[PDB]
Each structure stands twice: as C-alpha cells, then as structure tokens.
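Taken one at a time, structure 1 and structure 2 that follow are two forms of one protein chain, written as structure tokens.
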Structure 1
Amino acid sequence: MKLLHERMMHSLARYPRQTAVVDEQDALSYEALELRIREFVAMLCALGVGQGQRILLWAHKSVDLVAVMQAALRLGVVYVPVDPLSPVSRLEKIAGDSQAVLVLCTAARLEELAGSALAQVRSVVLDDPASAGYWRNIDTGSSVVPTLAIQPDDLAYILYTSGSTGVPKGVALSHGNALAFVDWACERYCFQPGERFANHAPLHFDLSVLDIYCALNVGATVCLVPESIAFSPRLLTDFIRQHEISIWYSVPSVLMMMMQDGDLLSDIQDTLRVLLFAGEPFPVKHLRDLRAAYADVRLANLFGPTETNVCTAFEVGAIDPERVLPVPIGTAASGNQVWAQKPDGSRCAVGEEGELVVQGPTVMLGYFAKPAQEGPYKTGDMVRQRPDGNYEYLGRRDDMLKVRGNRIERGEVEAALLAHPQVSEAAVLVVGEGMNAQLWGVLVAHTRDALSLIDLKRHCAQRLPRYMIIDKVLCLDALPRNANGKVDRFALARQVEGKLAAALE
C-alpha cells in the first residue's frame, strides 16, 4: 500500500459497485474503471512502453484519462499531463525534455503534430473511433502484462511548470511524494467512503492530485468538471448540487466568480463539507463573505509550490471584522518540517522575514532529467512567523509571477516577446491584485513605434498558453536597469502613470 496504484485496488476490493469517476459521457463504477484500466495496461504493453518511459497526456480530462494514469502507474510508466490548450511549440519543448515515447491526444490535434518536431513520436487518439490511431484499434492479442518491482520513491509522474528560460521545468514526483500529501489530507479532513469530490483543476496542475487520488484512496467518487460547465459560474454551482459535491478544491479566483455570478452565497450549497483553496492570497473582504455563508464548513488555506505540493496549511476559524491582511498560511503539512531561513542560512526569529524552507516526504525527487534534489527545498516564498507560530505569506523576491493562481515565470513570457522581429528588449510585470491583476509587457522597439498589441498577442499565442499572453504593452526607448542589468521595477511607476493618465480623461 506504499504505491499509488495499489490504493485504488484496495478501494476496488472494498467498493466494487460504487461509483469511482464521473465525467459528461460516462460514470464508471470501481469495477468498470478496473476494466478500463486493464485495457490501457494491455495497450501500453502492446506498444512496448516500458518501466521508466514517459508518455504525454495532451487531452481534456475524462474517465479514460484517469484510467490511463492508473494503467501507467501499474507499469511504472511516468505520465506527463500537458495542457490541451497549450500550443504545439510548447508541447514540443516538453516532449523534448521528457523524451516521451508516446502522445495521447484528440484526433483534431494530430494534424498539428504532423508538422511538428514530434511527428515521429508515436501518438494514439483518445476520442475519435474513426482514426487509425484510435487507442482501441491497437491489437492487444499478444500483449502480456509483466510483474514489476516498483519502490515508493520511484518516479510516478511529472508536472511541468513555467521555466525562466522558456523551456518548462518538470517537477518529478514519486509515489511517496503523492501519498504523503494524499494521506495527510485524508487524515486531516476525514474524507469518507462515498463522498463526492469535485475535480475543478486541470490534470496538469497539482490540485487534481487531491481531487482524484484522495477519492480513489477512500472509496469515494471524483466528478470531473468539464470546461463548458467551468465557464458559467452559475453552472459550476449547479454542478455542485446535481452531483452532491462535498469536497471542493480550487484557487480563490474560482470561488470569487461563483460568489459574484454563481449565487454561491445566496443559493447555499449545503452538501459542501470541506472547502479548500490554494495557490494565491484570498482577498479577505471576499473570504469574509464566504465564511459567513458557509459558517459550519471545514474551510482551509493550503500552501506550497508544485515542487512540494501542500507544505503548509491553515484551518480558517473566524474572519475578524477588522482584518485587512490575508489569512495565514499556517503550519507544516503533508508530514513535512517547515521553517523560515535567513540568507545566512540560520532560522529566523519570530517576526523576522525569511524564505520558507521545506524538508520532508512531499519534497520532489528533483526536476526531470536534472540532478536530484538533495536536502531541504528553498521555496523562494518570503514568509514571517506570527507569535502564535503560524506563518504569513509575503510574496516573492524572484521573477515567478501569479495571475489568478497561474504560475508564470517572467523569463518564459519575455522569451516569447523578445523573439518578435521588432522587439529589442522586454520586461514583464504584473500590475494590480486579485481579479484586477493584469499582465504587462514593457518593450523596446527596434523601429518606429508601430507595434500592434494584436500582432504581439498572435505571436505570443504561438508560443505560450493563453493566460501567459500579455494583456497590455508599454513601449519606451530604454529599460531601466541597475548597475548589473537587473530591471529597476520602477516600470511599475511608469505603468501606473500611464493608467492614471487615461483615467484623467
């Protein structure tokens, strides 16, 4: 029971007729999911995909995708979720980094792959039975399932994050990494058989690890939120009621859209029992309203980078009428130890600002195809400990950005912008907080001043996911730098002066 795939087998043995996973089309019992998993195991063997090899899941969530994950885990095959809305060029960079031997995708996006740098990688079609590449058309007659020795700290899956160079970085995560978090969550929130989990986050963000693996760990049901329903906040909240959702896990921005336009505070979703949020500062004005409407719900702020999953958690009590600052991120989670570090390396005193440092079982194996992580992980998140021992998040000093929960390296965006023939230099910064945050590009043009914001967005759309494309651009003749090239961050003053000038009229 030290391996992820063993957890759902244990639940299958206890609860075969109970609903395991739900999407728009199908709803699979644990037995039906088992049969589905066995088909994908047979498929992977028939394709000669062996222990240690990587496969890309480049498709929208479905019960089949969940089965693929269990199947790959059973064979020691490392699965790599890729944003289905991500451009081919970024899929290219990920295929190269992981050296995947197989792409699972829709038939629609095969056409784009024919002209790609992964035209030679084998691909199988998940959706369209009319494709020669349809996964079911692969003949499994001579397939034979091997017996493997898989250790709990063997690599299970890779979640790619934004990379400062433009090449995404792959967080390589072991069975032990996932199960430390899964077991911690299950003990802390007492997830029970037959509860219904909502999977809002896409599979390539680690929030789905709780939604899917905690559900399969306790004999509960995971309900996959389709993008068509994720986009009407009124339909998201109706989704909760129709599926009798009891556990919810999302970034605060999702909860705020459901409050603003989904009737979440007036049409009370009374099946909710545990309401977890993570990834970004939940504006305290709005958390106050949410806590008042759901006063008896387990409600919690979860913290950490993908490199550690949740390393710190805080149970939300009341929200003081006078509170202005976000609720604390709390104390150590997932079996880890946590402290704030001075630059000298020593432990901060209470009240001192320091960098969060994490040591324990959810700390990643390391970046894929890069040297292993040794010792405690420095997160880059600045923190301060309160007299009561809880930590408060302060922000970062480096170039990692957040826009509505999405992790964005300044260098990934800058690299796409600088590649434009007319862009000479480029700096990216976020202006505004919360739902008003906007991604700005501060550029230096080679010629004239004629740069179309739309031409810049199409150019970015070929390289970046949509949430990484700049909202607004600011053209000036020089970027301000310190004596050793660091961008002066006084561009924020320049941007604020631009926005204020427009309000004046």
Structure 2
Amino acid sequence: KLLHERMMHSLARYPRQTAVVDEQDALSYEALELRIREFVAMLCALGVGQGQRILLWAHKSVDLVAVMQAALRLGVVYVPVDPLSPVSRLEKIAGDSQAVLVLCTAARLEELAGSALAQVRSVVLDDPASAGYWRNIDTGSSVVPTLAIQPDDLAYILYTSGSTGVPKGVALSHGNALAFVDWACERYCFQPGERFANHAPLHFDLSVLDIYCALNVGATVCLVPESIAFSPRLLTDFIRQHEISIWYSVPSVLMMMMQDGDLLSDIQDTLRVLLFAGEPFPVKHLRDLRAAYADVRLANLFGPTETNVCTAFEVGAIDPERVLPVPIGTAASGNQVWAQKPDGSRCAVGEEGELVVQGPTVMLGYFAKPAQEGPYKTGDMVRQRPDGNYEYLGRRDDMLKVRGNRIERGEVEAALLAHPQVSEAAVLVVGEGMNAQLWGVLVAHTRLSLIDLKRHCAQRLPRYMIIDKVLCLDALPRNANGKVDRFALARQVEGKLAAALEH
C-alpha cells in the first residue's frame, strides 16, 4: 500500500536488480535496503520522530533516495531544498517548515555556520572525514519506534515560489504520491528492469514519477547530475550510457537536446516513453521529436505541484497544419477535472474558464496553513474541445513560467527591494519559451549595475529567478488605486525594446 512499502515489495521480488544510480555510485534493492535501515537507526538515534521535518540540501545522490525512504518508514517529513539555491532561502524554508535536521554535504557546512539555522543539527552525507559524517552518529543505544502510518499522513513537502518571498510548502501525503505513481505505472506500462532518467531536482514533482514509479516496479532510476544541466550532448550521452527507456522533463530540455545534442540525428533506441510537462511545447519542434521517434510513447502531462499531474494527453500523429500546442487532455491520477466561470458554474465545451481538480492527488494544503478544503482552483485558464480534451490558455496571476520554472513576481521583487539603493521594484517576462527573459524594472534611491544586482539576487534566490535584464525608471507607472500598473509597465518595457530594434 504506502510509499515506503512499494520499495519493500520490489526488494522481495528483485533484491539483486540495480535500484538507484548516480554520477558516482549505484545500489541494488538489497544495498538500498541496508542503507535505508542505517539511516532509520540514525534518525532514531538523533531523536527525529514521526511528523517532525528534515531538510535535504545536497546534489541528488543514492544516499538522498535512501534518506527519503528512511524518513517515510518513520513518518518523518522530508523537505527537498534546491541545492543550487542559497542559504538565505534555506533559512526561509527552515523557518516555515520549522525543521529540526539538515542533511547536506561537508562543503555546505560553512554556509550553515553563519546562517540563521546554525543552531539546527546538520549531518554530512558525502565526506567521511567531516566530524558531522552520518556514520559517526552512534546508534547502539537507540530503537525503532512502534507506529503505523495511514495513506493521508504527510509524507513530504515540496516548497514553491512565495509571492511574499517566503516560499510555500505543498504538503503531500502517501495517497497524493501513490495516486499519481499507480496512474502512471498503469498508463505507460512501466516494467521491472526499465531504466528511468531523473532529470528534475528533488524539490519538483517530476522527480516523484522518476524515483517512486521506478522503485514501485523493480526498475532503475538514474539521477541526472547537476554538473551536466547546461550540456545538451552530455544529456543525450546519459540516455545512451544508462540505456534510458523512460525520460520525463520540461520541453525546454528536450528542445536543447534536439538543437545542440543530436537527439534527432543520433536516435536513442532505448527510449520507450517520452513524458513532458510544466510549460507548452512549440508544436513545430514536438512534430520533429514525434517523427524521429515514431515508435515511442509521447504524452503532455499537466498540473501544478498542488495537484501533481491532474491532466494528460497521449500524443499520436500531429496534423502538419497544426499551429497551437497539443491539448493538456483529460483527467489523470484518478482526479475529476472541470473548467469554472468566475461565478462557480461549469463551463461548457468552447468556454474558457479556470481549471478545477477534485481527487486523491490534491495536496493536504500549504504546510502550517489552513488545509485544502474541496476542489482546488489551479489559476490556469483552459477550454474543453468537443472530443473532451482541455487546452491550456494561460494564467491571470503573478505566477511566471520561464522554461518550466515557476516564479512568483513578488519573490523576485522582495529580493530586488532589499537592495539598499532600490525603492520600487517590478518583475515581468519579455519573450516566449526559449527566448523568454526575466526583467527587473527598478527605481533607484540615488540612481544600479546589472552585475551588482545579479550578485544581490544570487545571495537570496535560485539562479533561475536571477533577472536577465534591468530597466531603471524615475518612477513605476501606477493605476488610479495606487497599485503598480503591470500592463503599462509591460507596454513600456516592450516599447523601449521596439525603439532599440528601430534604432
């Protein structure tokens, strides 16, 4: 039944298969099982109990997958924190989750030392030399608690961009996870001995298909390492070397791999299932991928972290005359899904409305906030075609998407505002897709170099939320009501650029 039990079922049937691979190391189900059991002894020796929070802040590794599974078994709540994100943002997530343990590398100890969570216990996963190395914790005088865990118990929290600059914790249960896993396993017919690439970092929910679907069916998950993120040819090499059958990423990555990594010239015969999510896929490029890989299964999976995948569309043949992205399709993960008019009523075929999700994947709620009650409103505008498939039209709020990344205007704005020589800030995106750029429009106290500002951003935000371009104004356009005129601001940034293509 429960998440940790799916590994245990796989162990019994396949103890000698490779479970988890990283850039340095790999583990069989048996070796994973012993590593897990050793992390369980360690969490118990440390006094970390059911429902308490632990932070994972380190590059993806077989030890992280073991720690996740150790926490599940003790119903300890694990919080994957972006390892490419600075200590100041971990302090906010540490504050919000009120976590009692950090699991990091020995390199990260120095950052933690000066930080606000200096007084939180850390243990080193990587360097045996480090006084904080996890094996140095004595577990002899320690015992595994007697406890049971129900499908609705909090398993992990995936933090997301916060409009106030404090990130929000999507608190998710065994049942949330498993309704996705079981849905995907049945839908794409995942087999023992299949090899799953884990492209996404652990704090995104793409990673939950890669790791938990793999461990569910006695297959292998290969952690794509951070080091090869910007290298489309190393990414296609990873597919070849690990004989990858199942790939799951944002289309931006597949498109890098198609342009600068020979994915269409050097066919990867091992790929059986190609899953993409998180943003639209320019249909001209998706038509190419479909043609190269005629035999492969292609699907467009849709939803926020708060629902995981709530909708999906099987991409068969694509009309050559088609110009729009393919549908986001029909309900998934055993959810019911509908478009709402702003009054409450169901939209009818052809009527744009906001997508609503009722089902077993809908989050418990943002951690340390009031529970999700009833269906979840996604903020995503959609429209049903006659055949029953939804198309995504966009958002009406301050959640930006740059190449699949989710960025609250306010989180970047709060960072820029904290700059001593910045009195007003407003963030927006110029361009679509691969071209898209994140802009800061600032007013200076005493008239701000881009390099200085990037330095300033990088100390507070993940690099994917560091602004590409800056525009300094004497004041920000306002609306009658005093609020910043984001429509005016967009027109003025679009206008200044249009004047530079003319001059």
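Residue 1 is the first residue of structure 1, and the numbers go on in sequence order from there. The term rigid core refers to the maximal set of C-alpha atoms that superpose within 1.5 Å between the two forms.
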Of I229, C348, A415, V431, Cα shift of 2 Å or more between the two structures on rigid-core superposition seen only for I229
After the core is matched up, is the C-alpha of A13 off by 2 Å or more between the two structures? no
Threshold 2 Å Cα movement between the two structures for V22, core superposed: no
Shift of the Cα of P387 between the two structures with the rigid core overlaid, in Å, rounds to 1.2
Per-residue C-alpha deviation between the two structures [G279; rigid core superposition; Å]: 0.3
Once both forms sit on the same core, give the Cα displacement of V487 between the two structures in angstrom. 3.6
